[PDB]
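Next up is one chain by itself, shown in C-alpha cells, the form solved without the named molecule.
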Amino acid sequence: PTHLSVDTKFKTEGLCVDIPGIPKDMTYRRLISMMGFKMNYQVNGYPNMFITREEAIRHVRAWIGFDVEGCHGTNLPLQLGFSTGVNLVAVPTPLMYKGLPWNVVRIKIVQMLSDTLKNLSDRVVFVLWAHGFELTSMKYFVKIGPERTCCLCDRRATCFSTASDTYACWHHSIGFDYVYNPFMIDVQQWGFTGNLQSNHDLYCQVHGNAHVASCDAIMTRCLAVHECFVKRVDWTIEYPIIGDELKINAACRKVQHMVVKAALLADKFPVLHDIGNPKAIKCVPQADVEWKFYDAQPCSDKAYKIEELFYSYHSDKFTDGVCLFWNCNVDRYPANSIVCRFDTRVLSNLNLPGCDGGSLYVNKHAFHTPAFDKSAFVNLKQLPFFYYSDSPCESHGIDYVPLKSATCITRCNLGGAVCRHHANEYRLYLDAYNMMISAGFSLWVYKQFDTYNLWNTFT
C-alpha cells in the first residue's frame, strides 16, 4: 500500500455533463486510456498518473489547481485556468490571454509551471474538481513514460522537448514544450455533495468567482488545502529542506531567548505564563521567574479566542506578570504580553497560499495558519530591534571594522567602546533577527517595554 492502484474505481458522475454516456463502472486504468495515454505495462517508477490523498499531502508544494472551461472539444476553444491566476485560451485550429494554438499554449504551460515550482518541488500535482474537459485536454500538453533524470543535472525530469528529444527538471526547462510525468488528484472523488463553489464557500470568503477557469482552479486547490490541512492535521509528515529552514528555526530560538530574557531583566516580572506548544521548553532557563506552561496546539482554522484560552476557570490570574505567546495565534492579545506572530501575507518558498486568508507554512512540517490580523495587537506595540548581552567582553579564537550602534546593549558600549566579541555577536544576532523578520515572523511587546531599563543591569 504505497501508490494508488490503477484498478481502483473512479466515480464518473462529475464527468458525465462534458462526457455524456460515460460508464458508471470505471477504473483509473480505463480513465487513463480514455485520456489518450498508454501505460504499456511499465515498471519504471510511474505506476499511475493519479495519486492518493496521503501522497498528495506529502507533495503539497507541487499543488497547482487546474480547471478547463469550454469557451464555446476539437471544435471549440478551451480556457485553461491555473491556481497561479493564469488563464490561457487554446484553439484547436486573473491574467486572461487571447486564443492561440496548442503548440504555443504548451510552451507557456511549461514556462509557468517551471517558474512557479523550481524552488518548491521536484514535481507537479494537478489538483482537479474533474468535469471532463481538463482530463481530455491533458494529451495536448502532457507526455508520460519511465521516470527520468534531467539532461543538465541529477534531479528527476518534469519536462520534455520535442525540438531536442531531451528531458529537463523545472530549473533547466527553458524552451521545453511538454509537461513530463505529472501527477494529479480529483478532489471530487473524496465524497462531496454539491458543486465546487458551494463546498469552497462553506470555509472561505476570500476567493470569489469571476466565472473564469483560474477562479475554479484557485477554489479547487483552496478546498483541497482546507480538507487536508485545516479540518485534518498531520504534524508527523516531514517535508524536505528547500531553503533557509534550518537558519530560520535557529534564528527563532535566538530571538526568543533574547527578547524574553530582556523583558524579565527590564521589568522583573514574578511570573511568566507560557501559552502555546505543549512540547515547549523554558527559553531562558537561568531566569529567576516562576515559569508556568499552558498547552495549546497550533490553531489551523481560526485564531484562538483569548476568552477560551484564559477563562472558564493555572495561576488563574493571567494579569499577574507576563504572558508569552510564541507562535500561539490568538484573536486579541492581553496588554502584558510578549508575542511572536507569523504574518501569513509574506511571500516565500516556505509559505504557500492557504484557506480563508490563511497561509500554509511548510518548514519541516506543514502548518496551516489563520489570517494575519493587525487588530490582534491593539494592546501591544511593535518590538524594536536590540541586542542585549551580559557576557564578559572577551574575544577568544573574521576581520574587523569597529561597531557603532545605539542598540548594542552591552557593558562595553555603556563604557564608550564596543569590544570585538560583542560586535561579532551583535552582527550575528542582527543577521538572525533579519532572517526571521524576512521569513514572515512579526514581534510585539507590552507598551511599557523600554531597553533603557537594561543599562542598569551593568552596575
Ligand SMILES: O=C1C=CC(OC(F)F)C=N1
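Numbering starts at 1 and runs along the sequence shown. Superpose the two forms; the largest set of C-alphas matching within 1.5 Å is the rigid core. Residues that one form lacks are left out of the comparison.
One more form of this protein exists, namely the form deposited with the named molecule bound; it is left out here, but the text below deals with it.
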Open vs blocked, site of the named molecule as found in the deposited complex, superimposed, 2.4 Å to backbone or C-beta
blocked
Let me test this: is every residue among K381, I437 and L443 within 4.5 Å of the named molecule in the deposited complex, going by heavy atom positions?
no
Answer for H396 alone: is it within 4.5 Å of the named molecule in the deposited complex, judged on heavy atom distances?
no
Mark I32 yes when one of its heavy atoms lies within 4.5 Å of a heavy atom of the named molecule in the deposited complex, and no otherwise.
yes
Quick one: is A432 in contact with the named molecule in the deposited complex, heavy atoms, 4.5 Å cut-off?
no
May I ask you to state whether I51 is within 4.5 Å of the named molecule in the deposited complex, using heavy atom distances?
no
Along 20-42, which positions have a non-hydrogen atom within 4.5 Å of the named molecule in the deposited complex?
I32, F37, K38, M39
Give the consecutive runs of 3+ residues, present in both forms, in which every C-alpha shifts by 2 Å or more between the shown form and the other one after rigid core superposition.
42-44
